[PDB]
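Trainee: Below are the structure tokens for one structure; questions will follow.
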Amino acid sequence: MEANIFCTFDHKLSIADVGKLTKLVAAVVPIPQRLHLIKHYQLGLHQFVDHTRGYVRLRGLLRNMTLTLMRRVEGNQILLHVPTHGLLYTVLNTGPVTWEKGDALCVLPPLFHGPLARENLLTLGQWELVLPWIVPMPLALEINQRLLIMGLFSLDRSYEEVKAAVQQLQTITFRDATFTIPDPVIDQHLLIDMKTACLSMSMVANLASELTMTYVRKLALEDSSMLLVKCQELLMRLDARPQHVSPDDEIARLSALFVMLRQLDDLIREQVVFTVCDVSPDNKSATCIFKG
Amino acid sequence: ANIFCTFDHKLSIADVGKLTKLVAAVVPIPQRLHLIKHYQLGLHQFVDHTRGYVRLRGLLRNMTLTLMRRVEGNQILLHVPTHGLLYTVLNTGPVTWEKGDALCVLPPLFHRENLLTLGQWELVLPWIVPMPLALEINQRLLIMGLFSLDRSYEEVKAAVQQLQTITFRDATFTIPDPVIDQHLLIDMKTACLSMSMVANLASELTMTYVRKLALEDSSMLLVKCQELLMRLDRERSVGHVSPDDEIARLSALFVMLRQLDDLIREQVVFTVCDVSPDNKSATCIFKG
Amino acid sequence: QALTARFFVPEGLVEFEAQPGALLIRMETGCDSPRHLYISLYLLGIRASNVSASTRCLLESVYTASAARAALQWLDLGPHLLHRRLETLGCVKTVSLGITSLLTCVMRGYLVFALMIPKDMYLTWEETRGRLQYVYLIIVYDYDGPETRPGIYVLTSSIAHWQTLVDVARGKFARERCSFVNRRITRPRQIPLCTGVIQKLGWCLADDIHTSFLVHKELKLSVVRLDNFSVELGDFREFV
Amino acid sequence: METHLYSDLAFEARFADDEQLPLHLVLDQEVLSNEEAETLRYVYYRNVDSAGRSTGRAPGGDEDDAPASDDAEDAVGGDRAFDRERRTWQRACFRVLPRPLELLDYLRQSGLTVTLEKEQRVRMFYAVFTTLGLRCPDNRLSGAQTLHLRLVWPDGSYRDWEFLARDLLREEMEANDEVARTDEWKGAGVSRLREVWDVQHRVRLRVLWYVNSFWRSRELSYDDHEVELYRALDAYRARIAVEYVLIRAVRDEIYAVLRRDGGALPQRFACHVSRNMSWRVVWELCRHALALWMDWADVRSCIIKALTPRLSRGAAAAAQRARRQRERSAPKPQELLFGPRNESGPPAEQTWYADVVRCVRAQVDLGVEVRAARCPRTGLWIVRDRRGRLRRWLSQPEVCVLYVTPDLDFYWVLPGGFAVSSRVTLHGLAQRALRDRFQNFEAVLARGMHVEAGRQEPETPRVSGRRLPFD
Amino acid sequence: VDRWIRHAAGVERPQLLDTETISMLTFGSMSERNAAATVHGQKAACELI
């Protein structure tokens, strides 16, 4: 493959440019095209950043891009390296997210972090080095889930009904940090995701057994605990011997239901790109296994 | 890429001879270090009397998997494989591997010839099993968990006895019942209630979201989904909500299906293409 | 750099495929001695719903040896469920001939080494190709009739992200999705798994794709070739 | 086609709770234009009974039956009245076919079978397929019920038509493995196609009737008494009269103020005036203009466009904030030094609407927007063109103007800037009548718009007949 | 009318453009294939105003 990529700069880089570009060695930067030679405009997310179009659009563009690790900069050349599956690399988190050991990491567009400064880097003319966020899986599928629930809830609601609920949904709290999702528009892509959610939920409701349906009621008759209280409360405002006992029916239905559940899960789950096992005690870099 | 394991306990001729039989088997360790103690070796550290199989299956997912490759002395050497390269691994699970199987790791269910015991600690290694058998074992355990509240009936006793028994190529064995002392362990209980809760929440929410999305584009798929829902409601017929509560139901549905991702998915770890005649060991390509 | 394995196959399966390259598939049976049967994409082209009448007649006219007849018999047995019985092995390297045949397949990497596909089975969503092309083998189930009819494809696409690929595959295969839900309505006592499944093959270059014929038994069947294919086998992952 | 099928199933699944029967409609160039067909965002429908009562409101009566208030503090009911109105409209599914078609061929090329009584082709530049529900409040349907159709466009503009259930049911009621509902719906097909007008005979649309509809199974009853149609016609008369009674209120107010003052008009608008002029012919031109304004006033008069933003939900709260702001106590020295700086008061320029009536060639302009500000030297008003240019019609002898300020003060201005000044009184109109006739549409979220409010929405959705559709 | 205008000229049926994702992964389409023979050089297609 094109194991190395040359990025050439058209703007002459000052002393400060070369310095700050050197400090960024091992940062994860994406390229759209996977070519041996590219120009600095194609580097990063700045080619696509567009706040009138939503967060989901930039998410869709990013999840299809090719990701690279920055290496030594020389005169007007930056030398990006593509990681390969199963090997071990040192990666840099320019994002404000905390990494704990053993985390599985995903790539997402940046979110709004409180201070609003966000450290603009390499503003050459009116180009800018907009790097993505390398986020651990829990926060990644939390943002994907909240974004889907905003799309699914706020349809056919007016702005007055919507306002407080989506204000509460946009804010995510993760490891004592606080982030906000920038532009959650109701895209065409988001409507496709919502349609897949509806079909998968219909198949869950249709093909579920009677055991899988009625377990909770029987446990509530048998048992009482805080978890069961919460589960009952979710069903409350809408709220016997089996007449068929069929292990083959149960196996057929369950092997189909797991398929539908994986379909519904893929709307929330992102692709793991790195897995960490060593974290610098200042949380500025990690040792990672590259995955794809 | 070797990891050193040291024994804080007096080894003996029979312990080292027992340990040298495992000189290609898969041993998982909790996290990557260069020098670890034997207590971290194997799955024993995670075993308790309140959580059980589902908890082990979750924990075994994010361990680091390793192959044993020497005993130099009082220390054991472990080699952590890298993706794509070809390695020799020992079969010590309940079944035999054919050429081109996709192999999965499960927490073990049967346990004598293998067991190296020292000081209340014993080396317990996962099962390396082909993917279909892992899926079927998993589904059988889950269905036995859902039958757990009506063992009062003789037909359900017979059905659980049928579920316990699984036959796979030239092998046959009984999966142990997840119900002990009439009660289901805590993690299997919460797995079962997550499955049932996601089913109920889907059946309650689907109609409203079908209406909302059909107001945008009334595609034929939405027609067929609405027809299926109406049929389901006719079957149930044999016998408004606030915004906060709607968001709570949606969020609960999604957090419940996050509970199932360990069960519903199944990682392939080794691909086997060379087998010894003994079926004791095979060379496999590593997936990680 | 390439990793190879050795397999033994009966002459009946080899009769059409004995050429120095092919995609090899292990197929499962509900039996004791012949549990697994090594099959090529040509043989599945018989059972596929997408292959044209002339080519299906050609392949049936060849695969009359008893081994292929038993292979197809076991292929049809359990409907809705084709992909569960199949595990995919590597692309084939040069072969040793005999009443028992020996052929070595490369399961990873690369070191001519081409991948051969029939013309009917090859589809491309995009009418222009990116410099790096990813190859997939996908199976889609049509539930329109009483019996399930499988459609078998080999796809080359610039998309490697799975969610984007499955979005576009759902966009193309919408009629089969409606057929799947309709099947759930009209035959409630039967429980299908999924609309279709996708498996990842390796990557290829867009300018190395060529269309040609591959003659056996003096019958000209048309073939697409990925000239310098590199093999990276993934899992059969299901989409609805 | 699919919208009719889905909507039939949807109204069946809801029938027990709502008792709304599914009415399948097709629209073409006889009801809407091509741009309006391509850019249509929502279709909404409303049910009103033989007594003029909407089915979203309380079955016996409402607190909106009381007269209006004239208070900006009340804003004709505020948020609660607005919410009672919004609850009254129900949203319908719709699909646009934006390229020319012939309807029967389109239905046959789909899965449907068509067996009409006479095979007359109907051709249409574009088609909108939508389903409305008319409410049989029991298993009984009256001919005096009317149904309202509302078409809405992305800027929030709407268009209302209304037709009574007698027109729709004039003929249809006067005559009265396993299968899937979709296949038998297509196979059973269509056999009726009827053209229906609205009450005022402005717009024609076609009704499509299917033999597989659950409508057929119910065998519910239909009736039309004479007295019920009479009362429904009277309610309709009261409905359309709402803008004209306001116009007459303003006219009577002008004449009453003119009687009270004795014909003395003070200057309220800046214009240099001469004594040596025949001001009597200006008075005569004022007479002709004030007659002609009544001759040509309409719904798009300045008075309706002035009351319409008052009916918006924010209006009452904002008015109360303004009342607090203008009557705030003078700040103490501590607040000026240490505390925050005071709110900026009202901007020097206001937005008004006017009716400009020229006599020489009889013409009246109605929906005219002007910007108004008081000049510093003398506190008279300067009326400017919304591009910032001084309006010249104060200097033309053959034109008079009626302005209505955003707080419902009206001026009637003669050449020279001498004006009659009074307030528009809403007390002759019940709160519900104004509120339902003229409340602005507020949008629910849909495709291609931000979840956050106030954002600059991106390219607006469109279905294009001129381009190959994107997917 | 569209099909009649297609036939009067030598033009072909309309085509969708590339998606933003696909135009990001690919760098062109070139819908005019090369002619069977090229005696003179490159086509200098005239633009008409």
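Residue numbering restarts at 1 in every chain; chains get A, B, ... in the order shown in the structure tokens, and ligands count up from 1 in that same order.
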With a distance cut-off of 12 Å and only C-alpha atoms, select the neighbouring residues of residue 145 of chain C, excluding the residue or stretch itself and same-chain residues fewer than 6 positions from it, and output the selection as a count of residues only.
Mentor: 9
Trainee: Which of segment 4-126 of chain C end up as helix (DSSP H, G or I) when DSSP is run on this backbone - answer as a PyMOL selection string?
Mentor: chain C and resi 11-14+41-47+53-62+66-76+82-85
Trainee: Would you write out those residues with C-alpha atoms, as a PDB file, in the first residue's frame?
Mentor:
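part_29.pdb, freshly written:
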```pdb
ATOM      1  CA  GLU C  11     -13.517 -34.616  -9.138  1.00  0.00           C
ATOM      2  CA  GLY C  12     -17.235 -33.871  -9.493  1.00  0.00           C
ATOM      3  CA  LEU C  13     -16.816 -30.442  -7.917  1.00  0.00           C
ATOM      4  CA  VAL C  14     -13.635 -29.688  -9.875  1.00  0.00           C
ATOM      5  CA  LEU C  41     -18.528 -19.695  -6.719  1.00  0.00           C
ATOM      6  CA  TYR C  42     -19.345 -21.268 -10.099  1.00  0.00           C
ATOM      7  CA  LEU C  43     -21.304 -24.054  -8.399  1.00  0.00           C
ATOM      8  CA  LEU C  44     -23.301 -21.511  -6.390  1.00  0.00           C
ATOM      9  CA  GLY C  45     -24.002 -19.728  -9.670  1.00  0.00           C
ATOM     10  CA  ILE C  46     -26.341 -22.643 -10.365  1.00  0.00           C
ATOM     11  CA  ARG C  47     -28.510 -21.928  -7.305  1.00  0.00           C
ATOM     12  CA  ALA C  53     -30.753 -18.897 -18.251  1.00  0.00           C
ATOM     13  CA  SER C  54     -27.984 -19.570 -20.777  1.00  0.00           C
ATOM     14  CA  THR C  55     -25.239 -19.611 -18.144  1.00  0.00           C
ATOM     15  CA  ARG C  56     -27.312 -21.602 -15.655  1.00  0.00           C
ATOM     16  CA  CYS C  57     -27.942 -24.165 -18.396  1.00  0.00           C
ATOM     17  CA  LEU C  58     -24.215 -24.247 -19.198  1.00  0.00           C
ATOM     18  CA  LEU C  59     -23.217 -24.862 -15.577  1.00  0.00           C
ATOM     19  CA  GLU C  60     -25.919 -27.498 -15.059  1.00  0.00           C
ATOM     20  CA  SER C  61     -24.813 -29.208 -18.278  1.00  0.00           C
ATOM     21  CA  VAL C  62     -21.275 -29.429 -16.871  1.00  0.00           C
ATOM     22  CA  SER C  66     -22.502 -37.241  -8.937  1.00  0.00           C
ATOM     23  CA  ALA C  67     -20.488 -35.134  -6.486  1.00  0.00           C
ATOM     24  CA  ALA C  68     -21.961 -31.878  -7.816  1.00  0.00           C
ATOM     25  CA  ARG C  69     -25.460 -33.366  -7.814  1.00  0.00           C
ATOM     26  CA  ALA C  70     -25.144 -34.261  -4.130  1.00  0.00           C
ATOM     27  CA  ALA C  71     -23.626 -30.832  -3.441  1.00  0.00           C
ATOM     28  CA  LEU C  72     -26.630 -29.038  -4.955  1.00  0.00           C
ATOM     29  CA  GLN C  73     -29.023 -31.422  -3.191  1.00  0.00           C
ATOM     30  CA  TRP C  74     -27.539 -30.459   0.168  1.00  0.00           C
ATOM     31  CA  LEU C  75     -27.483 -26.803  -0.929  1.00  0.00           C
ATOM     32  CA  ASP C  76     -31.258 -26.635  -1.336  1.00  0.00           C
ATOM     33  CA  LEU C  82     -27.935 -20.555   2.991  1.00  0.00           C
ATOM     34  CA  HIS C  83     -25.162 -18.420   4.470  1.00  0.00           C
ATOM     35  CA  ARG C  84     -25.200 -20.163   7.856  1.00  0.00           C
ATOM     36  CA  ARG C  85     -23.935 -23.368   6.234  1.00  0.00           C
TER      37      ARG C  85
END
```
Trainee: Would you kindly report the residues of chain B within 6 Å of chain D, using only C-alpha atoms, as an NGL selection string?
Mentor: :B and (215 or 218 or 223)
Trainee: Using only C-alpha atoms, what table do you get, as CSV, when you list each residue of chain B with an atom no more than 7 Å from chain C, its nearest pair of atoms, and their distance in Å rounded to one decimal, rows by chain then rising number?
Mentor:
```
residue,atom,partner,partner_atom,distance
B:100,CA,C:89,CA,6.7
B:221,CA,C:178,CA,5.7
B:224,CA,C:181,CA,6.6
B:228,CA,C:185,CA,6.4
B:273,CA,C:5,CA,6.1
```
Trainee: Identify all chain E residues at most 12 Å from chain A by counting only C-alpha atoms; ligands do not count. Present them as a list in words.
Mentor: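 Matching residues, ligands excluded from the count: residues 19, 20, 21, 22, 23, 24, 25, 26 and 27 of chain E.
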Trainee: To one decimal place in Å, what is the distance between atom CA of residue 262 of chain A and atom CA of residue 264 of chain B?
Mentor: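 Between these atoms lies a distance of 6.8 Å.
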Trainee: Mind giving me the straight-line distance from atom CA of residue 237 of chain D to atom CA of residue 199 of chain D in Å, one decimal?
Mentor: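 Atom CA of residue 199 of chain D lies 11.0 Å from atom CA of residue 237 of chain D.
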Trainee: Write out as a PyMOL selection string all residues of segment 24-123 of chain C that backbone DSSP assigns to strand (DSSP E).
Mentor: chain C and resi 24-28+36-40+86-96+100-109+115-118+122-123
Trainee: For segment 187-194 of chain A, please output as a list in words all residues within 8 Å (counting only C-alpha atoms; exclusion window: fewer than 4 positions along the same chain).
Mentor: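 Near neighbours after the sequence-gap exclusion: residues 54, 56, 57, 148, 151, 152, 198 and 267 of chain A; 213 of chain B; 447, 448 and 449 of chain D.
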Trainee: For N, CA and C atoms, I'd like the residues from the last selection saved as an mmCIF file, in the first residue's frame.
Mentor:
```
data_model
loop_
_atom_site.group_PDB
_atom_site.id
_atom_site.type_symbol
_atom_site.label_atom_id
_atom_site.label_comp_id
_atom_site.auth_asym_id
_atom_site.auth_seq_id
_atom_site.Cartn_x
_atom_site.Cartn_y
_atom_site.Cartn_z
ATOM 1 N N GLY A 54 -25.558 19.754 9.254
ATOM 2 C CA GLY A 54 -25.558 19.270 10.617
ATOM 3 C C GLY A 54 -24.319 18.498 11.015
ATOM 4 N N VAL A 56 -24.448 15.262 11.742
ATOM 5 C CA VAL A 56 -24.523 13.935 11.138
ATOM 6 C C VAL A 56 -23.842 13.913 9.772
ATOM 7 N N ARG A 57 -23.936 15.004 9.011
ATOM 8 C CA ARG A 57 -23.263 15.049 7.717
ATOM 9 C C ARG A 57 -21.756 14.910 7.873
ATOM 10 N N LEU A 148 -29.566 10.208 17.871
ATOM 11 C CA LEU A 148 -30.686 9.465 17.305
ATOM 12 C C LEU A 148 -31.976 9.736 18.066
ATOM 13 N N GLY A 151 -33.384 13.058 17.047
ATOM 14 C CA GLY A 151 -34.061 12.953 15.766
ATOM 15 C C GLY A 151 -35.402 12.250 15.879
ATOM 16 N N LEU A 152 -35.457 11.199 16.695
ATOM 17 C CA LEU A 152 -36.649 10.362 16.781
ATOM 18 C C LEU A 152 -37.741 11.034 17.604
ATOM 19 N N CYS A 198 -37.029 2.048 13.154
ATOM 20 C CA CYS A 198 -38.439 1.656 13.198
ATOM 21 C C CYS A 198 -38.653 0.244 12.664
ATOM 22 N N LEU A 267 -26.856 1.202 14.575
ATOM 23 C CA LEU A 267 -27.192 2.620 14.509
ATOM 24 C C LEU A 267 -26.489 3.432 15.588
ATOM 25 N N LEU B 213 -42.710 8.803 11.340
ATOM 26 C CA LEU B 213 -41.866 8.753 10.151
ATOM 27 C C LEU B 213 -42.678 8.614 8.876
ATOM 28 N N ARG D 447 -38.042 17.263 7.781
ATOM 29 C CA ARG D 447 -36.762 17.010 7.129
ATOM 30 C C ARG D 447 -36.034 18.309 6.821
ATOM 31 N N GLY D 448 -34.735 18.316 7.099
ATOM 32 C CA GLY D 448 -33.870 19.392 6.668
ATOM 33 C C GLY D 448 -33.938 20.664 7.472
ATOM 34 N N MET D 449 -34.282 20.594 8.752
ATOM 35 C CA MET D 449 -34.330 21.779 9.591
ATOM 36 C C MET D 449 -33.693 21.489 10.939
#
```
Trainee: Quick one: of D:467, D:166, D:148, D:121, who's nearest to chain E, counting only C-alpha atoms?
Mentor: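 Nearest candidate to chain E out of D:467, D:166, D:148, D:121: D:467.
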Trainee: To one decimal in Å, tell me the separation between atom CA of residue 188 of chain C and atom CA of residue 260 of chain B.
Mentor: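 Taking atom CA of residue 188 of chain C as the start and atom CA of residue 260 of chain B as the end point, the length is 26.1 Å.
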Trainee: Distance cut-off 12 Å, counting only C-alpha atoms - which residues of chain D neighbour chain E? Return them as a list in words.
Mentor: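 Using only C-alpha atoms, chain D residues at most 12 Å from chain E: residues 99, 100, 465, 466, 467, 468, 469, 470 and 471 of chain D.
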Trainee: Determine which residues of chain A sit within 7 Å of chain B, taking into account only C-alpha atoms, and present them as a list in words.
Mentor: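 Residues satisfying the distance criterion: residues 85, 86, 149, 153, 155, 156, 198, 199, 201, 202, 204, 205, 206, 208, 211, 212, 213, 214, 215, 216, 218, 234, 245, 247, 251, 258, 262 and 277 of chain A.
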Trainee: Please, could you write that set of residues out with N, CA, C and O atoms as an mmCIF file, in the first residue's frame?
Mentor:
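The result, stored in again-v2.cif:
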```
data_model
loop_
_atom_site.group_PDB
_atom_site.id
_atom_site.type_symbol
_atom_site.label_atom_id
_atom_site.label_comp_id
_atom_site.auth_asym_id
_atom_site.auth_seq_id
_atom_site.Cartn_x
_atom_site.Cartn_y
_atom_site.Cartn_z
ATOM 1 N N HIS A 85 -3.324 -2.650 10.524
ATOM 2 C CA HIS A 85 -4.087 -3.432 11.487
ATOM 3 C C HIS A 85 -3.187 -4.349 12.304
ATOM 4 O O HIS A 85 -2.315 -5.034 11.765
ATOM 5 N N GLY A 86 -3.408 -4.366 13.615
ATOM 6 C CA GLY A 86 -2.711 -5.275 14.490
ATOM 7 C C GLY A 86 -1.375 -4.795 14.994
ATOM 8 O O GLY A 86 -0.749 -5.496 15.793
ATOM 9 N N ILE A 149 -31.907 9.825 19.394
ATOM 10 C CA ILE A 149 -33.117 10.060 20.179
ATOM 11 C C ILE A 149 -33.644 11.471 19.951
ATOM 12 O O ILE A 149 -34.855 11.687 19.933
ATOM 13 N N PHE A 153 -37.355 11.748 18.662
ATOM 14 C CA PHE A 153 -38.301 12.430 19.540
ATOM 15 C C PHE A 153 -38.851 13.700 18.909
ATOM 16 O O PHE A 153 -40.063 13.935 18.929
ATOM 17 N N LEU A 155 -39.282 14.897 15.954
ATOM 18 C CA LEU A 155 -40.129 14.915 14.770
ATOM 19 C C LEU A 155 -41.561 15.270 15.146
ATOM 20 O O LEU A 155 -42.077 14.822 16.170
ATOM 21 N N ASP A 156 -42.190 16.105 14.319
ATOM 22 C CA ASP A 156 -43.588 16.490 14.471
ATOM 23 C C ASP A 156 -43.857 17.239 15.773
ATOM 24 O O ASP A 156 -45.016 17.477 16.119
ATOM 25 N N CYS A 198 -37.029 2.048 13.154
ATOM 26 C CA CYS A 198 -38.439 1.656 13.198
ATOM 27 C C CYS A 198 -38.653 0.244 12.664
ATOM 28 O O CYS A 198 -39.415 -0.535 13.247
ATOM 29 N N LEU A 199 -38.007 -0.106 11.553
ATOM 30 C CA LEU A 199 -38.173 -1.456 11.023
ATOM 31 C C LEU A 199 -37.615 -2.503 11.982
ATOM 32 O O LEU A 199 -38.239 -3.549 12.211
ATOM 33 N N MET A 201 -37.283 -2.267 15.230
ATOM 34 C CA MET A 201 -38.170 -2.356 16.380
ATOM 35 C C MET A 201 -39.457 -3.099 16.050
ATOM 36 O O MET A 201 -39.978 -3.834 16.896
ATOM 37 N N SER A 202 -39.996 -2.910 14.843
ATOM 38 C CA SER A 202 -41.174 -3.668 14.440
ATOM 39 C C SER A 202 -40.877 -5.154 14.432
ATOM 40 O O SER A 202 -41.699 -5.963 14.873
ATOM 41 N N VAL A 204 -38.558 -6.679 16.179
ATOM 42 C CA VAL A 204 -38.413 -7.098 17.573
ATOM 43 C C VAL A 204 -39.778 -7.359 18.195
ATOM 44 O O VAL A 204 -40.001 -8.386 18.845
ATOM 45 N N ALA A 205 -40.716 -6.433 17.999
ATOM 46 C CA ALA A 205 -42.039 -6.585 18.599
ATOM 47 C C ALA A 205 -42.794 -7.761 17.997
ATOM 48 O O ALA A 205 -43.594 -8.405 18.684
ATOM 49 N N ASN A 206 -42.582 -8.039 16.711
ATOM 50 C CA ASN A 206 -43.320 -9.114 16.057
ATOM 51 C C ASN A 206 -42.741 -10.482 16.387
ATOM 52 O O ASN A 206 -43.486 -11.430 16.657
ATOM 53 N N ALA A 208 -40.549 -11.530 18.732
ATOM 54 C CA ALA A 208 -40.237 -11.924 20.098
ATOM 55 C C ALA A 208 -41.177 -13.022 20.570
ATOM 56 O O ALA A 208 -42.375 -13.008 20.279
ATOM 57 N N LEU A 211 -42.168 -15.903 26.010
ATOM 58 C CA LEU A 211 -41.245 -15.857 27.142
ATOM 59 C C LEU A 211 -40.498 -14.534 27.188
ATOM 60 O O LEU A 211 -40.476 -13.848 28.222
ATOM 61 N N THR A 212 -39.873 -14.163 26.068
ATOM 62 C CA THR A 212 -39.137 -12.911 25.998
ATOM 63 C C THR A 212 -40.051 -11.727 26.245
ATOM 64 O O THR A 212 -39.594 -10.675 26.693
ATOM 65 N N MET A 213 -41.341 -11.873 25.957
ATOM 66 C CA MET A 213 -42.275 -10.786 26.213
ATOM 67 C C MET A 213 -42.617 -10.689 27.693
ATOM 68 O O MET A 213 -42.540 -9.611 28.289
ATOM 69 N N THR A 214 -42.969 -11.811 28.308
ATOM 70 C CA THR A 214 -43.619 -11.820 29.611
ATOM 71 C C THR A 214 -42.685 -12.123 30.778
ATOM 72 O O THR A 214 -43.169 -12.276 31.901
ATOM 73 N N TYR A 215 -41.369 -12.202 30.562
ATOM 74 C CA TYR A 215 -40.463 -12.467 31.681
ATOM 75 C C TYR A 215 -40.594 -11.421 32.787
ATOM 76 O O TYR A 215 -40.645 -11.765 33.971
ATOM 77 N N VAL A 216 -40.635 -10.134 32.426
ATOM 78 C CA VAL A 216 -40.581 -9.074 33.434
ATOM 79 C C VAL A 216 -41.800 -9.098 34.343
ATOM 80 O O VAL A 216 -41.679 -8.892 35.554
ATOM 81 N N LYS A 218 -43.581 -11.687 35.251
ATOM 82 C CA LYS A 218 -43.439 -12.805 36.177
ATOM 83 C C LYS A 218 -42.388 -12.522 37.242
ATOM 84 O O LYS A 218 -42.592 -12.839 38.417
ATOM 85 N N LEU A 234 -40.785 2.180 33.940
ATOM 86 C CA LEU A 234 -40.759 2.491 32.513
ATOM 87 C C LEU A 234 -42.011 2.005 31.800
ATOM 88 O O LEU A 234 -42.420 2.601 30.798
ATOM 89 N N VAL A 245 -44.725 -24.709 24.829
ATOM 90 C CA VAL A 245 -43.372 -24.871 25.341
ATOM 91 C C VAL A 245 -42.590 -25.543 24.224
ATOM 92 O O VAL A 245 -42.764 -26.738 23.966
ATOM 93 N N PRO A 247 -38.727 -25.512 22.650
ATOM 94 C CA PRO A 247 -37.322 -25.101 22.514
ATOM 95 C C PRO A 247 -36.911 -24.762 21.092
ATOM 96 O O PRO A 247 -36.083 -23.866 20.904
ATOM 97 N N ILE A 251 -35.537 -21.185 19.973
ATOM 98 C CA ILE A 251 -34.237 -21.026 19.326
ATOM 99 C C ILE A 251 -34.374 -20.274 18.008
ATOM 100 O O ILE A 251 -33.576 -19.376 17.709
ATOM 101 N N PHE A 258 -31.755 -11.750 17.753
ATOM 102 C CA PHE A 258 -30.393 -11.244 17.872
ATOM 103 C C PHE A 258 -29.942 -10.534 16.605
ATOM 104 O O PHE A 258 -29.218 -9.537 16.682
ATOM 105 N N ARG A 262 -28.825 -6.655 16.523
ATOM 106 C CA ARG A 262 -27.570 -6.169 15.960
ATOM 107 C C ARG A 262 -27.815 -5.061 14.945
ATOM 108 O O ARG A 262 -27.056 -4.087 14.884
ATOM 109 N N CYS A 277 -3.407 0.358 25.331
ATOM 110 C CA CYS A 277 -2.801 -0.162 26.542
ATOM 111 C C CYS A 277 -1.420 0.431 26.774
ATOM 112 O O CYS A 277 -0.411 -0.263 26.624
#
```
Trainee: Give as a PyMOL selection string every residue of chain C that touches chain A within 9 Å, counting only C-alpha atoms.
Mentor: chain C and resi 130-132+159-164+167+181+184+191-194+238-240
Trainee: Starting from chain D, keep only residues with some atom at most 9 Å from an atom of chain A, counting only C-alpha atoms, and report them as an MDAnalysis selection string.
Mentor: chainID D and resid 442:453 455:458
Trainee: Please provide as a ChimeraX atom specification all residues within 9 Å of residue 128 of chain B, with the sequence filter that same-chain residues fewer than 5 positions apart are discarded (counting only C-alpha atoms).
Mentor: /B:26,90-95,103-106,269-270
Trainee: Could you pull the residues within 12 Å of residue 75 of chain D, counting only C-alpha atoms, minus those fewer than 2 positions along the same chain, as a PyMOL selection string?
Mentor: chain D and resi 67-73+77-82+307-320+407-408+426+431+434-435+439
Trainee: Which residue, C:152, C:137, C:168, C:95, has the smallest gap to chain D when you use only C-alpha atoms?
Mentor: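 The shortest atom-to-atom distance to chain D comes from C:168.
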Trainee: Give the answer as one residue: which of D:32, D:179, D:233, D:136 has the shortest atom-to-atom distance to chain C, using only C-alpha atoms?
Mentor: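 Distance minimum relative to chain C lands on D:179.
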Trainee: Tell me the residues of chain C close to chain E, meaning within 7 Å using only C-alpha atoms, as a list in words.
Mentor: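 Every residue of chain C that passes the 7 Å test is in residues 128, 129, 130 and 158 of chain C.
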